[PDB]
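Reviewing the structure listed below.
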Amino acid sequence: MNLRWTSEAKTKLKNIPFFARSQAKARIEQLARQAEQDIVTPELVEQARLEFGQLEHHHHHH
């Protein structure tokens with residue numbers, strides 16, 4: 001069900017907004033499967049956090 005979260009990854013997950021933490025967790029663990037790893041690094045956690053940052057610049061319109 002869940003993958004192996006590193007201590008650093010756990011901390012990184014905490015740095016993510018609660019509203020999107022479930023969202024991010026789903027992304028992070030899916031990214032781990034993209035690498036076929038059972039253990040998620042804080043780097044994967046950052047990736048999910050970054051992608052949400054890139055796709056959302058607050059004013060999503062012109």
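Numbers for the structure displayed
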quantity: Matching residues, segment 2-14, being over 10 Å from the mean Cα position of the chain (by Cα) and of a type outside the set (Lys, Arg); calculated: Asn2, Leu3, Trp5, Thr6, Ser7, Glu8, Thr11
quantity: For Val40: the one exception among (1) surrounded by 18 or more Cβ atoms within 10 Å (Cβ to Cβ); (2) under 9 Å from the mean Cα position of the chain (by Cα); (3) hydrophobic (A, V, I, L, M, F, W, C); calculated: (2)
quantity: Where a residue in segment 4-27 is closer than 16 Å to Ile39 by Cβ and its partner, wherever it lies, is loosely packed, with under 12 Cβ neighbours inside 10 Å and not aromatic (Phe, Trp, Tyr), with Cβ under 7 Å and at least six apart; calculated: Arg4/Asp38
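Counting neighbours? That spans all protein chains shown, and the Cβs are built from the backbone with ideal geometry, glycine included. FYI, it's all coordinate maths here, none of it is from the lab.
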